[PDB]
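Undergrad: Provided herewith is a single structure, encoded as structure tokens, for subsequent inquiry.
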Amino acid sequence: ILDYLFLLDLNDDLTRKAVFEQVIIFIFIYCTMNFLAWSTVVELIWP
Amino acid sequence: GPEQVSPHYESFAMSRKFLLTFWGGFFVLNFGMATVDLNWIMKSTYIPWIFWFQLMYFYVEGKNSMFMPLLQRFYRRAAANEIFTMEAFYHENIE
Amino acid sequence: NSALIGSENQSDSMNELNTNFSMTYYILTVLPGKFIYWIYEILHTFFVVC
Amino acid sequence: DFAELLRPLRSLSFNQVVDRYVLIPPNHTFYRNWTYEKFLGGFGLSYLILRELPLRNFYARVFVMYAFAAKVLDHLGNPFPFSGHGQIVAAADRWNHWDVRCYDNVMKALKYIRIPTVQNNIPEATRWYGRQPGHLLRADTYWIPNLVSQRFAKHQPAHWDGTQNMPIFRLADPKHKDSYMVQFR
Amino acid sequence: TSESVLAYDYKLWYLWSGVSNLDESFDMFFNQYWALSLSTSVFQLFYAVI
Amino acid sequence: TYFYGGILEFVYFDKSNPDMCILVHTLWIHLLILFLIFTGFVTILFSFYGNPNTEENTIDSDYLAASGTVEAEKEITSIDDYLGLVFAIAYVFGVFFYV
Amino acid sequence: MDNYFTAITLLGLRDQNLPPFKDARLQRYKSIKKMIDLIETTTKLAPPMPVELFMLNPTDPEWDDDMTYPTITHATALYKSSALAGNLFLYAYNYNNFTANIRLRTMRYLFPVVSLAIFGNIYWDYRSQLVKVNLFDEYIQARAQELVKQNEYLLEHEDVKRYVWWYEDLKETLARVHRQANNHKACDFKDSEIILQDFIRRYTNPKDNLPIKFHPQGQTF
Amino acid sequence: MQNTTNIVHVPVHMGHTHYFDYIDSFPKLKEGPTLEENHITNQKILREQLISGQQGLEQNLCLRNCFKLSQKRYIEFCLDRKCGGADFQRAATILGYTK
Amino acid sequence: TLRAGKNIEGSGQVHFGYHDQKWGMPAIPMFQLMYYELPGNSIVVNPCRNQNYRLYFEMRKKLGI
Amino acid sequence: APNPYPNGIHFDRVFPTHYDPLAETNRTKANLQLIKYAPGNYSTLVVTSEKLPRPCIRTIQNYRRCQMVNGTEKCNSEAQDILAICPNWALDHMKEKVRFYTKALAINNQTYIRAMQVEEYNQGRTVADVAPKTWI
Amino acid sequence: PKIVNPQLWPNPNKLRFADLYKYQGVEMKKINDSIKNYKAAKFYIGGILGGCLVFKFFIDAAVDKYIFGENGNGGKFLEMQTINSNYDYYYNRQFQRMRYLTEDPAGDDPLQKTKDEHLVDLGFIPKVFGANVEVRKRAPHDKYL
Amino acid sequence: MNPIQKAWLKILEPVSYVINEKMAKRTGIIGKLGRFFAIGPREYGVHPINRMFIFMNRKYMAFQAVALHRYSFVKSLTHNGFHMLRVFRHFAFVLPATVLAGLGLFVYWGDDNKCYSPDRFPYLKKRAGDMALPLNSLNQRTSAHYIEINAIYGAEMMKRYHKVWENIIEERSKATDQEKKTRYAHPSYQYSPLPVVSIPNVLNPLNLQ
Ligand SMILES: CCCCCCCCCCCCCCCCCC(=O)OC[C@H](COP(=O)([O-])OCC(O)COP(=O)([O-])OC[C@@H](COC(=O)CCCCCCCCCCCCCCCCC)OC(=O)CCCCCCCCCCCCCCCCC)OC(=O)CCCCCCCCCCCCCCCCC
Ligand SMILES: CCCCCCCCCCCCCCCCCC(=O)OC[C@H](COP(=O)([O-])OCC(O)COP(=O)([O-])OC[C@@H](COC(=O)CCCCCCCCCCCCCCCCC)OC(=O)CCCCCCCCCCCCCCCCC)OC(=O)CCCCCCCCCCCCCCCCC
Ligand SMILES: CCCCCCCCCCCCCCCCCC(=O)OC[C@H](COP(=O)([O-])OCC(O)COP(=O)([O-])OC[C@@H](COC(=O)CCCCCCCCCCCCCCCCC)OC(=O)CCCCCCCCCCCCCCCCC)OC(=O)CCCCCCCCCCCCCCCCC
Ligand SMILES: CCCCCCCCCCCCCCCCCC(=O)OC[C@H](COP(=O)([O-])OCC(O)COP(=O)([O-])OC[C@@H](COC(=O)CCCCCCCCCCCCCCCCC)OC(=O)CCCCCCCCCCCCCCCCC)OC(=O)CCCCCCCCCCCCCCCCC
Ligand SMILES: CCCCCCCCCCCCCCCCCC(=O)OC[C@H](COP(=O)([O-])OCC(O)COP(=O)([O-])OC[C@@H](COC(=O)CCCCCCCCCCCCCCCCC)OC(=O)CCCCCCCCCCCCCCCCC)OC(=O)CCCCCCCCCCCCCCCCC
Ligand SMILES: COC1=C(OC)C(=O)C(C/C=C(\C)CC/C=C(\C)CC/C=C(\C)CC/C=C(\C)CC/C=C(\C)CC/C=C(\C)CC/C=C(/C)CCC=C(C)C)=C(C)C1=O
Ligand SMILES: CCCCCCCC/C=C/CCCCCCCC(=O)OC[C@H](COP(=O)(O)OCCN)OC(=O)CCCCCCC/C=C/CCCCCCCC
């Protein structure tokens, strides 16, 4: 009921900041990069 | 999947060089017939082709006859070649 | 354009409603029929010219 | 048969006909496109079942999948990705494009095939309407100056002045002072 | 512009054929008044004008 | 038309009304295609399951990772902490090498 | 080839067949040339009626709102629901690791928090879109009934009666028009010219410089 | 003729920057009141209209709706039928359409 | 452009005549820092459209809803 | 979908095909190297009109309203607002509409004269000489 | 289920060739291990779905609060903000007036318009007018841009 | 082998008897057809997509365990557990927060899932048949209020015109031929009667109400 739940809105995000839609793109890329890097380090102790 | 063992006496590519040449040129023409603006792509690719090749020439090829060798990648091949040989004689060494 | 990869010939029936009155399952019935006639055309030609 | 097409109308008055078939109460909450999602989505569900055929010979199932691909390609058309679009003929009803009836450029693009004249140019009215700039969001992380600067910008309330064209963002024009780094091609 | 693109897509066509009684594209007036003007009547010419 | 309209122009009225069907399973197929492309990227360049002494792809990646982790003896800080920062830094200066 | 159904009807193709020889047949085509000009003229004498009768004025300042159509993105909500269900399968498929391996404790602890936030966004957008569609539907119905009662009086104007009487005069006139002969000449509609000319003379003044005068609510096509 | 050719009737100033082409400023561009100053200005107008400008409003709205008709004879019919028999020129003076 | 009423001879955007050409962005970091392609998803409906809902809230109170 | 209505317009690619839309029942598909058919497989010929800009429409409504209330002689300012606010293409459309409807007016009146012309076989005949017959 | 065997060749003895018959079993054994995970995850997944059901009622009340507000006049849904300065806003308005006053040359094709030679032969001799050289184009109010 | 393949085998049991028992062991074209379409367990029946998921799931999961298994930033603040000097302790929760954000990788994919797409330009191009539009197409629009309100208004006023239309036709039926031709006629028109003919008075030619 509280106004803190208004943060779940994406229909009218262009009325306030419209920044969420672009930042998560980097975060998904950043997770893909760390996945390729970290899995290579930890897995390659076996040889 | 497992290793795709071929039962034939010649490889698939060397037995179908004429046929693979047809489909290779078919898809080249397919892309060429589809791409009306291929000249715009060629011209838009000129600058990055010159830039990345002049910038990375020394680290890829120029190092082999100019200022520094940069033998880091070779050292890792030589270490693996010796480890490969040790594994080949694992039976003799452990015996 | 149905056989082209990334066709830019947008005015060549790409943005049109193209229906036919042939048999359906086209790549199963009609297209193989065109290749069956093609094999005959070249087999008949080889036999004649040789 | 022409009198049979008018059978449900002879028992009704004109007021009943208008209320029955013309003045249908507006209700835009239905998932009207579920008809297409069920039909075209059935190809994927049918593949999940068909990929388990107990045909022992691998090349026998190659023939079955080729026959099933022939059924799909009658609608999809081009088997290669990023090449074209599928072709589905749909029924013409009053709810076609119902949520884009407001836009004028959508109607002109769908309906009108203009005839080029000797002076081969787009109509001047069309070019003039196209120069009235559209609204482009200010939020931008693609340009590294805005990615840093906008972290210190303060969003102030844009009080409505009674218009529908308040340029509270940047404008979608190549010559705008906040959009010149954008490539309009 | 550059936006999200799908690998495979379907394009619907709400064809106004005018020959299908299943949808709302069937011109009921034209067919009913054309069939009406086919029969001999005193208003046969008036129906043609309409 | 006389008071508030333009010139009466002759155009061809397309009876066919195209419309892209906004579907759900089309994005599922699109993700499946990108998943094959990304897996092929991992299969070729980030697969280290074979002979580690003959496949130069795992030779380069194994010895390179070992040369970096051994630098923990330089006593900078917990390598478990700044190793993630090395990866992000590698994309600042790695622009020079097209990484 | 305009006035198709009129020409076909005047030629008699609705009840008989044309002469099989080109000579008499081509004369019969040219014989309706006078009658087409008469019937074309009659259809351009209709009196005007209020345009604000079955059509609201689109230039009214009320419609300057440029309101759009509120829609429910059913396809988007259904996809994101399936992607959330895909996360639930990924957890269930890997239940034993997420539950027992302590290295994955943060995923075990915060997966439902992220899942609830993801569901919250999916349902919020759907719920807000549903409210806007209902607000839109109830306004256009209420506003339309106010405009009907406001403009009902326009149907009481005499121009509506003048318009209907003209249409009924045209129906009775065209019913009296008849083919008189089959000589394939213009005189086959000899008496019909007098009937239609009397109709045209009834709503215009032939002895004017411009018998058919232009007005913005007139008949051109 | 160049495809990117426009004719502008108001003065513009272009930027003298490398790799970019845009309109950086307009000559003699004066900044009016802010969006907040205009809002406060409009609130004062709307407040007086709400408190002191609502009596006799139903009659003026009928006169305004009648004058949006296409023909004058329909306006006179609207005024006589819906506005209690008002005069054309008398209602035009009330609404402010008379010179 | 063709449907809008402009017949097109030739093809592409490498204009042979007296026109400005716009080559593709050079795929090098220099131009990739100055430019970025136009994201169509950033062209939006003006938020002033939401102010039309003020009519709905007033109509509801007038009808006793 | 029905066969598109026969259209002779086509565009050749390799050789002149001499396309005849009446030579076949169903239209053969357009091959890339053979032919391209005319646009609008399912299209008809209509007349359309552009919609003048809203501010230009408001100036016309202001002039007409000021005209029927104050007369034409006291509407110069409202006439100048039309010439200033309406873009030049809109003024060219407004100028052409008057010239078209002048042409259409002369065409409709020439049809009137030919229709109302008394032929030689109807000299002196009036509605009293008409026979009591209907279309049947 | 039983599989019909054409008996075109004799199958190898299971005791002599045991490896040839094992793959089918280990494949179903993998699926059985996955089902154990699906069943064990019933309370975790159900608890999340139960939380979504309870969260649904709070989201309903928050949406009406977001749209209608406190007294049914409109909530934060009617709020719109910006980062444009006062100069940026009046630049955009003048940019809108400039594009309104941005025309293209030559207008439309004169050959697609009514000819004066045709009007003469139709009975209307047109009068030639001079160019209006005194009017200045201006932009309308901002509400029309 | 999977249960879906076993379900096929129960349904195809009569088909398996026709092909494997009868057709397979014959000779000629019928024999070649039966041996080719023999029913049983699949040769090369493995599903690479299912196998692709299992591999990427196991590989990505081992990455999650490394990125999430971090030493706490909060516990290192007091210098009393395991951590005295940690100059990069403020990076400890970056990998876990990044992995947790990967849960919405597929939920928010593309532009349409991050916003209300009908308010964006690409939605218009899709509804126009994947056709390019001018960039300001979202602004040049007629009011949706007008389109829907006028559609209702016109039909409601048509019902009221139908009632007036009936009263006009009835009142004109009881009018003399002299009256129905001189009323609403041009002032310059002199009436001259026509011969009386029989013309029916039909309200609706089709038998409608
Ligand atoms: C509607 C109409 C249209 C549809 C109609 C239908 C048409 C369908 C077309 C399909 C045709 C039938 C398919 C048959 C298999 C594919 C054809 C083939 O040659 O495979 C045999 C060939 C090996 O056959 P083999 O002889 O039995 O192998 C023996 C040895 O083991 C091999 O190794 P070795 O070293 O021990 O022995 C020597 C080896 C030496 O040759 C090599 O080993 C090649 C070395 C390259 C590997 C180095 C690493 C680079 C690749 C890494 C991974 C990249 C992909 C994954 C990453 C991204 C993830 C998405 O082989 C050779 O002697 C020469 C090989 C052939 C000549 C060179 C081939 C060039 C074209 C083929 C590759 C295309 C690349 C992409 C271009 C297309 C654009 C997308 O396979 C390959 O070498 C790789 C290709 C794998 C298939 C991918 C491409 C499929 C489509 C190809 C169609 C024809 C080419 C069209 C483009 C031509 C551009 C010039
Ligand atoms: C302390 C390091 C140097 C710092 C100086 C600044 C940076 C160098 C700039 C110029 C480069 C020229 C020198 C070549 C260096 C090559 C090193 C190398 O690349 O690593 C190969 C090496 C293994 O490959 P390698 O083939 O065995 O290396 C041997 C070379 O191939 C060749 O075998 P080598 O045995 O001959 O190499 C021995 C090394 C000996 O180096 C030393 O011992 C250093 C000298 C003693 C210290 C002097 C510096 C004093 C600094 C304090 C004063 C600063 C004051 C500042 C202000 C005060 C501030 C408070 O190089 C020299 O001999 C230098 C003599 C130069 C010959 C000059 C002859 C006349 C030439 C005239 C024409 C010049 C045209 C040049 C064109 C433009 C340049 C391309 O990899 C590693 O060691 C990895 C660990 C990295 C070591 C620490 C970082 C050093 C920089 C390495 C580059 C970045 C690697 C990390 C990223 C890797 C990818 C993720
Ligand atoms: C208890 C012991 C057993 C006792 C009972 C034994 C008897 C059982 C039969 C009666 C019970 C059946 C239950 C369903 C009632 C259906 C009634 C009906 O009238 O259906 C006629 C039904 C539809 O006729 P249709 O109008 O011609 O539509 C098919 C057109 O192809 C359509 O083509 P289209 O282009 O017009 O449209 C494309 C289409 C998509 O259509 C396609 O793309 C398929 C195209 C076929 C592949 C192309 C190659 C065609 C080759 C031609 C020759 C085929 C011969 C096959 C003969 C099969 C004989 C059944 O997409 C759609 O329109 C919508 C699809 C989405 C529908 C939603 C799915 C709901 C299905 C039910 C879900 C729950 C059931 C359990 C889950 C399934 C089992 C794991 O006929 C069919 O059966 C079609 C074959 C479908 C495969 C059946 C496999 C499922 C069988 C389940 C058996 C039980 C499970 C195993 C339990 C084991 C332990 C006991
Ligand atoms: C070019 C073709 C293009 C066509 C397009 C389609 C392409 C094919 C797609 C194929 C991939 C999808 C497969 C779908 C089913 C196909 C049949 C099949 O799986 O193959 C036969 C498969 C045998 O696999 P096999 O290849 O022969 O050998 C397996 C190996 O030996 C080793 O055994 P294993 O068990 O370890 O292997 C597991 C195997 C198969 O494991 C499975 O059991 C398949 C389960 C797939 C479920 C996917 C999520 C659905 C969630 C349930 C929603 C239910 C809603 C119901 C609503 C009303 C009820 C309240 O592989 C998979 O897990 C495939 C999953 C693919 C990844 C999906 C992850 C999505 C996350 C990313 C989001 C992307 C957005 C799209 C999401 C779409 C969601 C609809 O048969 C079985 O596994 C029998 C299972 C019997 C017990 C399961 C009972 C149901 C339990 C469901 C899970 C409940 C989770 C919690 C509920 C969550 C919602 C509340
Ligand atoms: C009514 C319901 C029933 C109520 C009763 C029942 C409930 C009772 C409690 C139940 C359990 C509650 C769980 C917490 C209590 C547990 C007690 C305990 O001993 O745990 C120790 C526990 C033990 O450690 P561990 O098990 O080994 O690992 C813990 C984690 O795995 C990871 O551990 P970690 O240490 O590695 O995590 C570190 C992370 C932890 O994550 C966070 O806490 C997020 C922190 C972000 C905020 C930082 C604020 C910075 C200062 C701002 C000052 C002004 C604030 C104004 C705020 C206005 C807001 C608009 O924080 C950071 O990353 C710090 C670095 C941040 C980056 C740099 C930012 C600062 C520099 C930039 C400055 C910019 C301004 C400069 C200029 C200023 C102007 C002069 O550590 C924890 O702290 C556990 C917390 C984990 C999250 C639990 C969430 C559970 C879900 C509940 C819903 C969310 C509630 C929290 C929301 C907070 C707001 C975002
Ligand atoms: C939770 O922690 C995490 C992991 O676990 C460790 C991960 O692995 C990962 C990595 C993720 C992966 C490895 C998965 C990658 C998957 C990707 C990229 C996309 C997958 C896409 C596909 C498999 C395509 C599937 C195709 C379709 C769904 C379309 C065709 C199917 C149709 C039409 C079926 C219709 C669907 C239904 C009726 C829904 C009902 C559901 C069912 C299961 C019914 C099935 C019914 C039958 C009859 C089989 C992450 C990110 C993670 O966060
Ligand atoms: C698909 C994922 C399933 C699991 C979901 C888990 C995550 C839970 C989070 C969900 C959050 C809910 C957000 C809101 C979603 C809104 C859903 C939606 O838009 O579509 C509903 C919409 C309602 O239709 P209307 O009446 O036209 O609209 C009225 C609106 N009041 O539903 C539909 O259209 C029907 C299609 C929905 C999916 C159907 C699934 C079919 C699967 C078939 C298998 C069942 C066996 C069938 C056997 C047939 C035997 C004869």
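Residue numbering restarts at 1 in every chain; chains get A, B, ... in the order shown in the structure tokens, and ligands count up from 1 in that same order.
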Residues near stretch 37-50 of chain H, anyone? I mean within 10 Å using only C-alpha atoms, not counting same-chain ones fewer than 4 positions away, as a PyMOL selection string.

TA: (chain D and resi 158-162) or (chain H and resi 32-33+54-55)

Undergrad: Go ahead and save the picked residues with N, CA and C atoms, as a PDB file, in the first residue's frame.

TA:
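File result.pdb, as written:
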ATOM      1  N   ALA D 158       8.471  19.046 -13.784  1.00  0.00           N
ATOM      2  CA  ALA D 158       8.077  19.763 -14.991  1.00  0.00           C
ATOM      3  C   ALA D 158       6.580  20.013 -14.909  1.00  0.00           C
ATOM      4  N   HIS D 159       6.211  21.207 -14.463  1.00  0.00           N
ATOM      5  CA  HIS D 159       4.807  21.536 -14.275  1.00  0.00           C
ATOM      6  C   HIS D 159       4.111  21.688 -15.619  1.00  0.00           C
ATOM      7  N   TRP D 160       2.978  21.013 -15.757  1.00  0.00           N
ATOM      8  CA  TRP D 160       2.212  21.032 -16.995  1.00  0.00           C
ATOM      9  C   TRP D 160       1.640  22.416 -17.255  1.00  0.00           C
ATOM     10  N   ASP D 161       1.943  22.958 -18.432  1.00  0.00           N
ATOM     11  CA  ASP D 161       1.507  24.284 -18.839  1.00  0.00           C
ATOM     12  C   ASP D 161       0.260  24.252 -19.710  1.00  0.00           C
ATOM     13  N   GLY D 162      -0.378  23.097 -19.841  1.00  0.00           N
ATOM     14  CA  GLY D 162      -1.604  22.971 -20.590  1.00  0.00           C
ATOM     15  C   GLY D 162      -1.442  22.504 -22.013  1.00  0.00           C
TER      16      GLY D 162
ATOM     17  N   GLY H  32      12.075  33.159 -20.816  1.00  0.00           N
ATOM     18  CA  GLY H  32      10.966  33.618 -20.025  1.00  0.00           C
ATOM     19  C   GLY H  32      11.002  33.057 -18.621  1.00  0.00           C
ATOM     20  N   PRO H  33       9.868  33.109 -17.932  1.00  0.00           N
ATOM     21  CA  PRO H  33       9.789  32.522 -16.595  1.00  0.00           C
ATOM     22  C   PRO H  33       9.918  31.009 -16.637  1.00  0.00           C
ATOM     23  N   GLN H  54     -17.735  30.921 -11.805  1.00  0.00           N
ATOM     24  CA  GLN H  54     -18.556  29.751 -12.064  1.00  0.00           C
ATOM     25  C   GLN H  54     -20.046  30.038 -12.107  1.00  0.00           C
ATOM     26  N   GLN H  55     -20.490  31.225 -11.706  1.00  0.00           N
ATOM     27  CA  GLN H  55     -21.906  31.541 -11.773  1.00  0.00           C
ATOM     28  C   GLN H  55     -22.283  31.994 -13.175  1.00  0.00           C
TER      29      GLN H  55
END

Undergrad: Please give the complete set of residues from chain E that DSSP, run on the backbone, assigns to alpha helix (DSSP H), formatted as a ChimeraX atom specification.

TA: /E:28-38,44-49

Undergrad: Restricting the output to C-alpha atoms, write the selected residues as a PDB file, in the first residue's frame.

TA:
ATOM      1  CA  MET E  28     -23.570  -6.674 -47.284  1.00  0.00           C
ATOM      2  CA  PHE E  29     -25.091  -3.563 -48.857  1.00  0.00           C
ATOM      3  CA  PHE E  30     -23.422  -3.947 -52.243  1.00  0.00           C
ATOM      4  CA  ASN E  31     -24.374  -7.603 -52.614  1.00  0.00           C
ATOM      5  CA  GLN E  32     -27.933  -7.207 -51.323  1.00  0.00           C
ATOM      6  CA  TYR E  33     -28.727  -4.169 -53.464  1.00  0.00           C
ATOM      7  CA  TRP E  34     -26.937  -5.584 -56.500  1.00  0.00           C
ATOM      8  CA  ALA E  35     -28.919  -8.812 -56.201  1.00  0.00           C
ATOM      9  CA  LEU E  36     -32.029  -6.714 -55.641  1.00  0.00           C
ATOM     10  CA  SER E  37     -31.454  -4.765 -58.862  1.00  0.00           C
ATOM     11  CA  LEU E  38     -31.164  -8.027 -60.810  1.00  0.00           C
ATOM     12  CA  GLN E  44     -34.674  -1.314 -60.853  1.00  0.00           C
ATOM     13  CA  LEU E  45     -33.067   1.821 -62.296  1.00  0.00           C
ATOM     14  CA  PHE E  46     -33.165   3.604 -58.934  1.00  0.00           C
ATOM     15  CA  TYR E  47     -31.238   0.768 -57.291  1.00  0.00           C
ATOM     16  CA  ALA E  48     -28.556   1.103 -59.966  1.00  0.00           C
ATOM     17  CA  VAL E  49     -28.136   4.793 -59.149  1.00  0.00           C
TER      18      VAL E  49
END

Undergrad: Please report as a VMD selection string which residues of chain I come no farther than 9 Å from chain H, using only C-alpha atoms.

TA: chain I and resid 17 to 20 34

Undergrad: Store the residues of this selection in a file with N, CA and C atoms, as a short mmCIF file (atom, residue, chain, number, x, y, z; two decimals), in the first residue's frame.

TA:
data_model
loop_
_atom_site.label_atom_id
_atom_site.label_comp_id
_atom_site.auth_asym_id
_atom_site.auth_seq_id
_atom_site.Cartn_x
_atom_site.Cartn_y
_atom_site.Cartn_z
N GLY I 17 25.91 11.57 -57.28
CA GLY I 17 25.77 12.96 -57.66
C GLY I 17 26.17 13.94 -56.58
N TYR I 18 25.50 15.09 -56.58
CA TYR I 18 25.83 16.18 -55.67
C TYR I 18 24.99 16.06 -54.40
N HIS I 19 25.37 15.11 -53.56
CA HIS I 19 24.71 14.87 -52.29
C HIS I 19 25.75 14.52 -51.24
N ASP I 20 25.40 14.79 -49.99
CA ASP I 20 26.21 14.36 -48.87
C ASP I 20 26.01 12.87 -48.62
N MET I 34 32.64 9.36 -29.71
CA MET I 34 31.95 10.57 -30.10
C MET I 34 30.52 10.32 -30.54
#

Undergrad: Counting only C-alpha atoms and all ligand atoms, what are the residues, protein, DNA or RNA alike, that approach ligand 3 to within 6 Å? I want them as a PyMOL selection string.

TA: (chain D and resi 38-40+42-43+46+68) or (chain L and resi 7)

Undergrad: Restrict the selected residues to N, CA, C and O atoms and save them as a short mmCIF file (atom, residue, chain, number, x, y, z; two decimals), in the first residue's frame.

TA:
data_model
loop_
_atom_site.label_atom_id
_atom_site.label_comp_id
_atom_site.auth_asym_id
_atom_site.auth_seq_id
_atom_site.Cartn_x
_atom_site.Cartn_y
_atom_site.Cartn_z
N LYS D 38 -1.65 -19.40 -29.92
CA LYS D 38 -1.97 -20.82 -29.78
C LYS D 38 -1.65 -21.58 -31.06
O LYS D 38 -1.07 -22.67 -31.02
N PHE D 39 -2.01 -21.01 -32.20
CA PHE D 39 -1.79 -21.68 -33.48
C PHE D 39 -0.30 -21.79 -33.79
O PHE D 39 0.23 -22.89 -33.95
N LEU D 40 0.38 -20.65 -33.88
CA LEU D 40 1.79 -20.67 -34.24
C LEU D 40 2.65 -21.26 -33.13
O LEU D 40 3.67 -21.90 -33.42
N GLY D 42 1.79 -23.73 -31.42
CA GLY D 42 1.62 -25.17 -31.50
C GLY D 42 2.70 -25.87 -32.28
O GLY D 42 2.96 -27.05 -32.07
N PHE D 43 3.35 -25.15 -33.20
CA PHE D 43 4.47 -25.73 -33.93
C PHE D 43 5.60 -26.10 -32.98
O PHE D 43 6.22 -27.16 -33.12
N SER D 46 4.36 -29.05 -30.89
CA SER D 46 4.36 -30.26 -31.70
C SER D 46 5.77 -30.78 -31.92
O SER D 46 5.98 -31.99 -32.04
N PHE D 68 7.68 -31.98 -41.53
CA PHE D 68 7.15 -31.04 -40.55
C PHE D 68 7.64 -29.63 -40.82
O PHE D 68 6.90 -28.66 -40.62
N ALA L 7 5.77 -43.32 -24.12
CA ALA L 7 4.39 -43.04 -24.45
C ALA L 7 4.12 -43.21 -25.94
O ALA L 7 3.03 -43.64 -26.33
#

Undergrad: What's around residue C:1 at 10 Å? Count only C-alpha atoms, leave out sequence neighbours fewer than 2 positions away in its own chain, and write the answer as JSON, numbers by chain.

TA: {"B": [30, 33, 34], "C": [3, 4, 5, 6, 7, 8, 9, 10, 12, 13, 14], "D": [77, 78, 83, 84], "J": [30, 31, 32]}

Undergrad: Write out as a list in words which residues come within 8 Å of residue K:6 when counting only C-alpha atoms, dropping same-chain ones fewer than 4 positions away.

TA: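 Near neighbours after the sequence-gap exclusion: residues 20, 21, 24 and 25 of chain L.
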
Undergrad: For the residues in that selection, give me C-alpha atoms as an mmCIF file, in the first residue's frame.

TA:
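Dumped everything to again-v5.cif:
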data_model
loop_
_atom_site.group_PDB
_atom_site.id
_atom_site.type_symbol
_atom_site.label_atom_id
_atom_site.label_comp_id
_atom_site.auth_asym_id
_atom_site.auth_seq_id
_atom_site.Cartn_x
_atom_site.Cartn_y
_atom_site.Cartn_z
ATOM 1 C CA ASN L 20 8.382 -54.470 -38.012
ATOM 2 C CA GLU L 21 6.585 -57.825 -38.044
ATOM 3 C CA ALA L 24 10.195 -55.284 -42.479
ATOM 4 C CA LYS L 25 10.932 -58.949 -43.229
#

Undergrad: Around ligand 7, at most 10 Å away and counting only C-alpha atoms and all ligand atoms, which residues are there? Put them as a PyMOL selection string, please.

TA: (chain D and resi 27-35+37-38+42+45) or (chain F and resi 24) or (chain G and resi 72-88+115-116+118-127+130) or (chain K and resi 48-49+52-53+56)

Undergrad: Report as a list in words which protein, DNA and RNA residues come within 10 Å of ligand 2, using only C-alpha atoms and all ligand atoms.

TA: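 What falls inside 10 Å of ligand 2 is residues 58, 59, 63, 64, 66, 67, 68, 69, 70, 71, 72, 73, 74 and 75 of chain B; 64, 67, 68, 71, 86, 90, 93, 94 and 97 of chain F.
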
Undergrad: Tell me, in Å to one decimal, how far atom CA of residue K:78 is from atom CA of residue A:1.

TA: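 Distance reported for this atom pair: 18.2 Å.
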
Undergrad: Could I get the residue neighbourhood of ligand 5 at 9 Å, counting only C-alpha atoms and all ligand atoms, as a count of residues only?

TA: 23

Undergrad: At a cut-off of 7 Å and counting only C-alpha atoms and all ligand atoms, what residues surround ligand 1? Please answer as a PyMOL selection string.

TA: (chain B and resi 11-14+20+23-25+27-28) or (chain C and resi 3) or (chain F and resi 36-38+40-41+44)
